[PDB]
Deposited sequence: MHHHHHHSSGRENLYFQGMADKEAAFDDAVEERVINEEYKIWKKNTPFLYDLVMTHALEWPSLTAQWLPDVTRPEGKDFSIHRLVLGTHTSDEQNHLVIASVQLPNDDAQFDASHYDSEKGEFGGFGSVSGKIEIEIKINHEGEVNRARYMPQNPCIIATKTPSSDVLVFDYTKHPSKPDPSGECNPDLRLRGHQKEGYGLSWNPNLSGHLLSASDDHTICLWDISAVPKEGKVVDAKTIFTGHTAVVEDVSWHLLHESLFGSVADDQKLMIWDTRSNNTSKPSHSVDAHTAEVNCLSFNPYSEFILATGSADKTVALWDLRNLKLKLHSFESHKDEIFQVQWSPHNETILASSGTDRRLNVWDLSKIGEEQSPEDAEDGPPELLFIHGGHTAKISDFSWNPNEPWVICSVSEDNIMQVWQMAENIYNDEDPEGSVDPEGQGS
């Protein structure tokens, strides 16, 4: 009855959102996936076909089906060039400006499906070799696939043939981070209260690899883990114990972190290190806030970003803009924040949120599971929801510029 009453309100608000998209966006593409993806990550490569008004980008996706046909998925996405005529095809519209037919929108196509054992909790590519993808599986195993050592047609036998099997966990999780400074150093967060580290740099890629180190500082489900982008020894973890922990791999004590902070009034689901500001990171929580942190003084939260109406599961810094970050979760909203606007006055403009809230994306009518900033096209985001919708979108230049 409350899922029934919510559903009708959602539809009210979605109709109004579709109304306003030309005003709020420079790009909106919607694609219904065969199955919901729990995960999204842009691959770093773009190809710009010599003669065309679009470039080809790729996404790491996964499936979430309770049948036995789960796939790790690579999809292609055509996006307009910086040099290209702005028209109605940017809003999934083939209407000509002067009647008749205008232009086709960019295409979204499945390039590769690889048999996967259970749903794909999360999938991340290795920075030093984006052909290598790690996955979180319900089994508690982390799987590694080189997607170039597999057919693009999935094996009809239904067998999963991962290039490596990473042991060390007793339960599933979501958190997964590759060390961008030490090739093949992988962290994983688990419902078993532990963080596993593997070094696959030496191993020949179908054997089983045991965890090099297991970190036991948390007393509850570890939700997320992330390496520092500059300091090869430093990583953060967040957990259902409401703690942000900062770890140093040089320490011999794997039971106690370098720093432990009481970060939130509920579970901490996600963290992200600022790729331009080496002291700065953000955490997202079931307390419906994003917290801003300074590694130099973790006693004191710098800021609390408030506007979400439900649990936050993902937070990600803009790869292009040091003041820009985004968050998503169970309220079916993706908020874009500008920390440069903190403390500004506004024209009660002030009625509909704090000044550091740059943009609310209301495109999704189901819970958002994951999202990825396009690293090659500023302000493009891919977001995926539990209903199977994938959206590739870009707020209007006038909103940021």
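When the deposited sequence is numbered from 1, the segments without any C-alpha atom are 1-25, 231, 375, 429-443.
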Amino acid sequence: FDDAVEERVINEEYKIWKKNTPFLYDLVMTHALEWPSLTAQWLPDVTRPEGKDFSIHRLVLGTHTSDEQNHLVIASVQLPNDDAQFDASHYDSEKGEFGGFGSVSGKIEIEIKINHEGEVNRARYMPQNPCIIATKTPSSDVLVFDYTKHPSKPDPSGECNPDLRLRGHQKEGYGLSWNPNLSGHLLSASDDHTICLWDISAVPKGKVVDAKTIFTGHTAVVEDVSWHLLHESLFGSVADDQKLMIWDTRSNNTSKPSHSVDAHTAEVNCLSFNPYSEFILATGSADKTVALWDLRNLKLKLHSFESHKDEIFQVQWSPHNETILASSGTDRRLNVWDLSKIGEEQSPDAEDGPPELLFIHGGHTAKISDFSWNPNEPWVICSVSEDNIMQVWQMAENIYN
From here on, numbers count along this sequence of modelled residues.
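For the two forms, the rigid core is made up of the largest set of C-alpha atoms that agree within 1.5 Å on superposition.
Rigid core fits of the other structures in 5 other deposited structures of this protein place the C-alpha atoms of one stretch farther away on average; of 209-217 and 160-168, that stretch is 160-168. In terms of root mean square C-alpha deviation after superposing on the rigid core in 5 other deposited structures of this protein, the stretch standing farther out between 321-329 and 147-155 is 147-155.
Among the other PDB entries of this protein that were compared and that flank it with modelled residues, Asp349 is left unmodelled in a third or more. Residue-level annotation: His264 has coordinates in all of the other entries compared, counting only those that model residues on either side of it, so it never reaches the one-third mark. Judged by mean Cα B factor in the deposited record, 144-152 ranks above the other of 279-287 and 144-152. The stretch with the higher mean CA B factor, choosing between 180-188 and 98-106, is 98-106.
Between the residues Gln41, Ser369, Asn335, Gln346, the entry's highest C-alpha temperature factor is the one at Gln346.
The PDB entry gives the largest Cα B-factor of the residues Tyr125, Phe215, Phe273, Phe86 to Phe86. In the deposited entry, the Cα temperature factor of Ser383 places it in the lowest third of its chain's modelled residues. When the modelled residues of the chain are ordered by C-alpha B-factor, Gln314 sits in the lowest third. For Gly329, the recorded CA temperature factor ranks within the lowest third of the chain's modelled residues. The deposited CA B-factor of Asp82 belongs to the highest third of values across its chain. Among the modelled residues of the chain, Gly236 sits in the lowest third by CA temperature factor in this PDB entry.
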